[PDB]
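Undergrad: Below are the structure tokens for one structure; questions will follow.
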Amino acid sequence: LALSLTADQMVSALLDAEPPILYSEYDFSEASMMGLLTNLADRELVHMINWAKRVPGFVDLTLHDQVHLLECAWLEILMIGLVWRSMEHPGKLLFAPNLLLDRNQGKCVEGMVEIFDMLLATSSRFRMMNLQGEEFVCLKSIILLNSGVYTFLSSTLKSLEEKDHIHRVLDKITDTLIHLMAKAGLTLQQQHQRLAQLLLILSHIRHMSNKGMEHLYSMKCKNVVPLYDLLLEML
Amino acid sequence: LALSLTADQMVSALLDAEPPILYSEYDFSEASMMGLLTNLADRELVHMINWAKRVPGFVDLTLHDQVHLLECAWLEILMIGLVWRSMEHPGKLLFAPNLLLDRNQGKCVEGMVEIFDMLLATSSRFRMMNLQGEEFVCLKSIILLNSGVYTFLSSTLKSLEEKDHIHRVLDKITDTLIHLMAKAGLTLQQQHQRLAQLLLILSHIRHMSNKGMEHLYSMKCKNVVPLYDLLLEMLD
Ligand SMILES: CC/C(=C(\c1ccccc1)c1ccc(/C=C/C(=O)O)cc1)c1ccccc1
Ligand SMILES: CC/C(=C(\c1ccccc1)c1ccc(/C=C/C(=O)O)cc1)c1ccccc1
């Protein structure tokens, strides 16, 4: 299974799991903008499910746990992927090949400019660090597995083994990240520094997800179960 | 000067800067619980200010930048401390020597138990990894310098060499963390595996903080600017 994979074997697995890139429904008040984004998120979300299944180790976990991971990670994963796509588009966000939005077009939705700025800062940092695809894909898997691991129900011998498994795979991806960096020619010190630099960014992506989530939660009718909830429901 | 400190000099400066340990002012109910915690936290924030000035690097930043860092980090920093002190107290959170609360006492205030459970879990994880104080004091400093760095207003030339500076100091603290692990005799693999492990926990701490601010914001009427806000505005 996933624990005996080599670093090359893991990068491959991860690159192959990558889901196709989605298009938007076509390029401006609050409702029209939130509709595009909401539509794109939901389709990305449906793709995210079969991606997660292709991630080494994810499928060894019980369903309710798989679902908990996605519940906790889905907006982060959407965001890192956006930030990655927007890397070579300074001051802009590439939601889709046909939806490239301005810093300013965030102002279309009271609340969203704060969030656009954070995404722009994140992708700017990735550009400075010259983040690579092999690393991007690794980060994305770390988010999937780490964002929900501290919030299970650890009262049980089975939730212990679940946590233990996830942490073992997380170690394997760390091993993989270092492996990529050693191959790229960085020194030990540079390796350790880049590892840290990248994992600290994951803290900011968490922050952004929390904020996006809080904004989502305050915009919606409270009598409404949003589509992310339902999908994880029917799972 | 911070950029030329060695790993041993770094650990030292940090152990040296640790603020005293605070006692609860008093010794259930919903408002009585929040009273304890709020005062404890406010008193801890005050001590946090002088602590932060002693973190190598911090004082080289402009004032406005110092205040920003503290604004983004103060709840994470309290929380990691609580988690750290509660390590050898399973199922409990040691807010102070005279205030040891129980997982169950979290339901004393609505929504809190969610947060207590996350805290207990974090401290519980630290206990398996056997976190050391040298490590702790590094993580605490990483939260201070990192939590507000991706969220600086300006695009000026100075703003750039200001976060350049922060990232240099962060790199030095990564160096110190590893140095520590290597002295404890871990393998290279074990070393980088542990660094990742600790920094991934910092993601969870950020999350607990974000949750903490939401519960806070929702319990208090909007007519009120809270004491942490007042204090930071003034430090500026
Ligand atoms: C930052 C963009 C964004 C997303 C989004 C992120 C990446 C890719 C596409 C969209 C977003 C907005 C609404 C939703 C709604 C989901 C749902 O209603 O089920 C999901 C994500 C968002 C999230 C919250 C508030 C404003 C915008
Ligand atoms: C989890 C405990 C806690 C803190 C706290 C944490 C560790 C040590 C001391 C306090 C907390 C509670 C209230 C405040 C209030 C601050 C203020 O009013 O300015 C700050 C922190 C808290 C935070 C949010 C909601 C409920 C409790």
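Undergrad: Return a single number: how many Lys pairs in chain A, at a sequence separation of 8 or more or on separate chains, have alpha-carbon atoms below 17 angstrom apart. Please report the intermediate quantities before stating the final value.
TA: Numbers: A:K53/A:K140; A:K92/A:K107; A:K107/A:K211; A:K140/A:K172; A:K163/A:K172; A:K172/A:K183; A:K211/A:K220.
Eligible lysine pairs with Cα atoms under 17 Å apart amount to 7.
Undergrad: How large is the helix-only mean residue ellipticity at 222 nm for the protein assembly as shown, computed as the sum of -39500 (n - 2.57) over DSSP H runs with n ≥ 4, divided by its residue count, in deg cm²/dmol to the nearest 500? It would help to have the intermediate numbers written out before the result.
TA: Details: 16 runs with 317 residues, N = 471.
Using -39500 (n - 2.57) per qualifying helix, the result is -23000 deg cm²/dmol.
Undergrad: Same structure again: Arranged from highest to lowest average of other beta-carbon atoms within 10 Å per residue, in what order do the peptides B:114-120, A:214-220 appear? Before the final figure, lay out each step's value.
TA: On the way: B:114-120: 18.9, A:214-220: 13.1.
Packing order, densest peptide first, comes out as B:114-120, A:214-220.
Undergrad: Please report, for the Cα atoms of region A:67-121, the Rg to one decimal and the Dmax as a whole number; what are they, in angstrom?
TA: Here Rg and the maximum Cα pair distance are 12.0, 36 Å.
Undergrad: State to the nearest 20 debye the size of the charge dipole of chain A about its Cα centre, where the only charges are +1 on K and R beta carbons and -1 on D and E beta carbons. The partial results should precede the final answer.
TA: Values: 20 positive and 27 negative charges, 85 e Å.
Result for chain A is approximately 400 debye, rounded to the nearest 20.
Undergrad: Here's something else I'd like to know. Averaged across B:202-215, how many Cβ atoms of other chains sit within 10 Å of each residue's Cβ atom? Intermediate values should be presented prior to the final figure.
TA: Working: counts 5, 15, 8, 3, 7, 9, 1, 2, 7, 2, 0, 2, 4, 0.
Going residue by residue through B:202-215 and averaging, the value is 5.
Undergrad: Hey, another quick one. From the residues B:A196, B:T38, B:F95, which one has its Cα farthest along the dipole of chain B in the positive direction, the dipole being from +1 and -1 charges on Cβ of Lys/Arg and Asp/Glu about the Cα centre?
TA: Result: B:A196, furthest along the dipole toward the positive end.
Undergrad: Then there's this: Taking all pairs of distinct Cα atoms, average 1/r, flip it, and tell me the Kirkwood hydrodynamic radius of region A:12-59 in Å to one decimal place. List each step's numbers first, then the result.
TA: On the way: mean 1/r = 0.0813 Å⁻¹.
For region A:12-59, the Kirkwood estimate is 12.3 Å.
Undergrad: Placing +1 at every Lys and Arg Cβ and -1 at every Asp and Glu Cβ, with all other atoms neutral, what dipole size does the protein assembly as shown have around its Cα centre, in debye to the nearest 20?
TA: 460
Undergrad: In whole angstrom, how far apart do the alpha carbon centroids of region A:1-75 and region B:1-31 sit?
TA: For region A:1-75 versus region B:1-31, the Cα centre distance is 40 Å.
Undergrad: Could you put B:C108, A:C221 in order, starting from the residue whose Cβ has the fewest other Cβ atoms within 10 Å? Show your work: numbers first, answer last.
TA: On the way: B:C108 17, A:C221 7.
Least to most surrounded, the residues fall as A:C221, B:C108.
Undergrad: What is the calculated FRET efficiency for B:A184 to B:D117, with r their C-beta to C-beta distance and R₀ = 30 Å, to the nearest 0.05?
TA: On the way: r = 31 Å, r/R0 = 1.02.
Between B:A184 and B:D117 the formula returns 0.45.
Undergrad: Next up: Please report, in debye to the nearest 20, how large the charge dipole of region A:12-61 is about its Cα centre when each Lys and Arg carries +1 at its beta carbon and each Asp and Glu carries -1 there.
TA: 200
Undergrad: While we're on this one: Need one number: convex hull volume per residue for chain B, Cα atoms only, in Å³.
TA: Measuring per residue, one finds 127 Å³ for the Cα hull of chain B.
Undergrad: Averaged over its residues, how many other protein chain Cβ atoms are within 10 Å of peptide B:190-198's Cβ atoms? Intermediate results must be reported in sequence, preceding the final value.
TA: Values: counts 1, 3, 11, 7, 2, 6, 13, 6, 2.
Going residue by residue through B:190-198 and averaging, the value is 6.
Undergrad: Around A:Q197, under 9 Å between beta carbons, what's the net of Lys plus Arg minus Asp minus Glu among the other residues?
TA: Values: positive: A:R125, A:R194; negative: B:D171.
Once all neighbours under 9 Å are counted, the net charge is +1.
Undergrad: With unit charges on the beta carbons (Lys and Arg positive, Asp and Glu negative) and the dipole taken about the Cα centre of chain B, which residue among B:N223, B:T62, B:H207 sits farthest to the positive side?
TA: Towards the positive end, the residue furthest out is B:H207.
Undergrad: Seen from all sides and averaged, what is the projected area of the convex hull of the Cα atoms in region A:68-173, in nm²? If you can, show how the numbers build up before the last one.
TA: Details: hull surface 31.9 nm².
Convex hull of Cα atoms, orientation-averaged projection: 8.0 nm².
Undergrad: Compute the distribution of all C-alpha to C-alpha distances in the protein assembly as shown, in bins of 20 Å from 0, and list the percent of pairs in each, rounded to whole numbers.
TA: 23, 60, 17, 0
The numbers here are math on the coordinates, done by the rules we state, and not lab data. Counting neighbours? That spans all protein chains shown, and the Cβs are built from the backbone with ideal geometry, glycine included.
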